[PDB]
């Protein structure tokens, strides 16, 4: 575990502590939850707020700001929803399979999110992903590395410079691999790196399902009205 990679882990931890509020104080600013697509204005506000936080995290990733402005946008458009699902694992609890954010009120279950349309085709695999991510019992250092590796992916559609993206991801991947050996003891570290990259593959199919869900729902202007301008810009055309 080198000079350079302890620097990286310190940066990502601080970046996360600045972009994820464990007290969830800003939830008062959202449009109120009502439990029709009753919850969508509240969840749209939650997602929109979370995209801002994901962007703030991404900008602090060592090597990210050295990318083009255009490559940064490509990486955030494709990765935003995936990092949101990753970072939501902190609020997700396995007592009742819900995201618990202080009150409830601000706690969300499958009935809160899968009532309308074909959204269960996304929610059922997403809950299973949350359970699977939770059973990894990640160190916080591993949690923030995985989000950063998720953001800086060289295979996102539309990436121009990919070698540099790969270079930035490799230095994060090799930080995660070396961290698991030196800091994660057995048996919890057994194939832990392979199980984490597997969760990156789960995010890809959850992202693909998400794009199909969003496209169908945004196609109805009545529901697109309830979203936010940021959400529409990022989850785009």
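Note that the rigid core is defined as the largest set of C-alphas that superpose within 1.5 Å between two forms. Residue numbers count along the first chain shown, from 1.
Relative to the shown model and aligned on the rigid core, the C-alphas in 9 other deposited structures of this protein deviate most, among 42-50 and 205-213, for 205-213. For 63-71 versus 187-195, the mean Cα distance to the shown form in 9 other deposited structures of this protein after rigid core alignment is larger for 187-195.
According to the record, the deposited sequence contains 10 or more residues between residue 35 and residue 36 that were left without coordinates. Mean CA temperature factor is higher for 163-171 when stretches 125-133 and 163-171 are set side by side in the entry. Note on 191-199 vs 51-59: mean CA B-factor is higher in 191-199.
The PDB entry assigns its highest CA temperature factor, among 206, 39, 46, 180, to 39. For the set 77, 139, 118, 87, the PDB entry puts the maximum C-alpha B factor at 118.
Ranked by Cα temperature factor within the chain, residue 14 sits in the lowest third according to the deposited record. In the PDB entry, residue 214 places in the middle third of its chain by CA B-factor.
When the modelled residues of the chain are ordered by their C-alpha B factor, residue 112 lands in the highest third.
Among the modelled residues of the chain, residue 82 sits in the lowest third by CA temperature factor in this PDB entry.
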